[PDB]
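One chain is shown next in structure tokens, namely the form deposited in one PDB entry.
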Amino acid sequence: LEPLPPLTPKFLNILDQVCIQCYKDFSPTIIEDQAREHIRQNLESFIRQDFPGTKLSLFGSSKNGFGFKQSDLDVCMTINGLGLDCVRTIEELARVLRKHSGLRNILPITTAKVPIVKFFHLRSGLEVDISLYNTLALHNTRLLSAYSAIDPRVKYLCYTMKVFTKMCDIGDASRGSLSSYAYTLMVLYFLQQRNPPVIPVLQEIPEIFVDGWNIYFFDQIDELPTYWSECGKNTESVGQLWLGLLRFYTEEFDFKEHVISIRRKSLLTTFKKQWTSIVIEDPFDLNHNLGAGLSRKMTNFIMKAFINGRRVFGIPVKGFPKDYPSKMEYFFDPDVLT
């Protein structure tokens, strides 16, 4: 790794604005939020024609406080008043949805760990994923939402990370990379682990079980000053934290021995979890390693993207060539980061 020159005050002010701009440019307007709602509304009534009692609910970015323009729509389906063959139900869902003049490219994915019917929504141009009884997903949505409300910099960094993985083309788990949900967990972990914490761990501040998993977490975001020790302690700018995250995952954190675990504050090791051979534990489904599908080719691309991320965000310059219309295209240049 290269030595990094000291941060100037003014290159850091640029880092702060660039991170905040990631939130403003990509957080959704009310019109986009409601377009998603309508999609959930319409599909529910349409599916109810064949499967009465069908309840659809959104989760993921559409509802976890990290809504991101043009993200795919995550939908969880259950049936009110209800050993359900999920493989068969996904194909049943597919057969139903091909009759919808507003949908195209209906595709059932039965063999995935989480089976989904994936399709394209004409009016909105969004891609939609319907899964069945994805109840843990509804709860990690509420949990991320609680983190998103603790401190403004949590959104700023999570948005900046979503922009970054998109440009580096490293955020598609269907092409062997990591999923957005994984990167968000990496951000929240980094903020729980830096000294002093920016966020606490909310499931350490009660046993509520769903699918045999304790889904409890502290969620009254109006009263953490009472119950979180290091509240208000960390004063650092968002641009320092974003460069801090890139350095944290390229210089300090040892992926070979430690699990990225937002559920509890202390170190969780590769050895205890039997996950010896990037390792990320789901906040609730503790048997699910979100890095279990990574190739070592793919881990290298991710590591390479983080390293050039460290370079362009860490080497001060001013100015920037008037070629660029704004700082955004300088920092998030896809060729540079790849």
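Only residues modelled in both forms are compared. Numbering starts at 1 and follows the sequence shown. So that the term is clear: the rigid core is the largest set of C-alpha atoms that superpose within 1.5 Å between two forms.
From this point on, the text means the form deposited in another entry, which you will not see here.
Residue 24 is not among the residues whose C-alpha shifts by 2 Å or more between the shown form and the other one once the rigid core is aligned; its shift stays under 2 Å. Once the cores line up, the CA of residue 317 ends up 2 angstroms or more apart between the shown form and the other one. If you compare C-alpha positions, residue 240 and residue 322 are 3 angstroms or more closer together in the other entry than in the form on display. In the other entry, the Cα-Cα separation between residue 318 and residue 237 grows by 3 Å or more relative to the displayed conformation. In sequence order, the one region between the shown form and the other one where at least three consecutive C-alphas each move 2 angstroms or more after rigid core superposition is 317 to 325.
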